[PDB]
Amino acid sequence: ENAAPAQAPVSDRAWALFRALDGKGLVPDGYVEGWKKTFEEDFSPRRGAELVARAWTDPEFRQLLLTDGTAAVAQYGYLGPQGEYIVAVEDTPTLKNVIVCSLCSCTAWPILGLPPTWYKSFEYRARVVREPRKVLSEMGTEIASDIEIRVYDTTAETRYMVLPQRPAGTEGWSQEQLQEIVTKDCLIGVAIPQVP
């Protein structure tokens, strides 16, 4: 009762799917290899970090990113699959934003990178919509009671990034220095940028 179905090893099933399609000529040469490279090397949270560092030092870009995120990202050439309609959401001293896909895994791939295993977990998908303060605390981020937490559930085609607040102690830093402290988890919204 409630037992799992018999299944061949998942690697054998996944490669069987590839071979069945490739043997019928339906997969172009180097097609899946091309995607592997895109996913590993092009889609990257270092792009979102670059965007945040620019917004932190250029008020006019900051306004563009917050009102027409797509157009802002396009200036850098970072639009792409699962990142064609971008909305950046701004943290403030009274608001902390956090992103999830409760129904699956939806993520702004080209500027955040593919989602990490924990973001696709059932734990995060079930819990952060209902108890984001406790989830962030468990993850190592304390959010005070008089800060509103706002959870964006990515249920359609909008693809989000968080614009975190710029931490004190970074005055006069270069965009390179700033980008270094903006991590993937800062862009998802579960972490706040850290100053040494």
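One rule holds for the numbers: they count along the sequence shown, beginning at 1.
When the mean C-alpha temperature factors of 71-79 and 97-105 are read from the deposited coordinates, 71-79 comes out higher. For the pair 139-147 and 47-55, the mean Cα B-factor is higher in 139-147. Per the PDB entry, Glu40 shows the highest C-alpha temperature factor of the residues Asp153, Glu40, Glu131, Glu157. Ranked within its chain, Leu178 lands in the middle third, by CA B factor from the PDB record. Per the PDB record, residue ranking by Cα B-factor puts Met161 in the lowest third of the chain. Per-chain ranking of the deposited C-alpha B factor places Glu90 in the highest third. Sort the chain's modelled residues by C-alpha temperature factor and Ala8 lands in the middle third, per the entry.
Looking at the C-alpha B-factors along this chain, the one for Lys36 belongs to the middle third.
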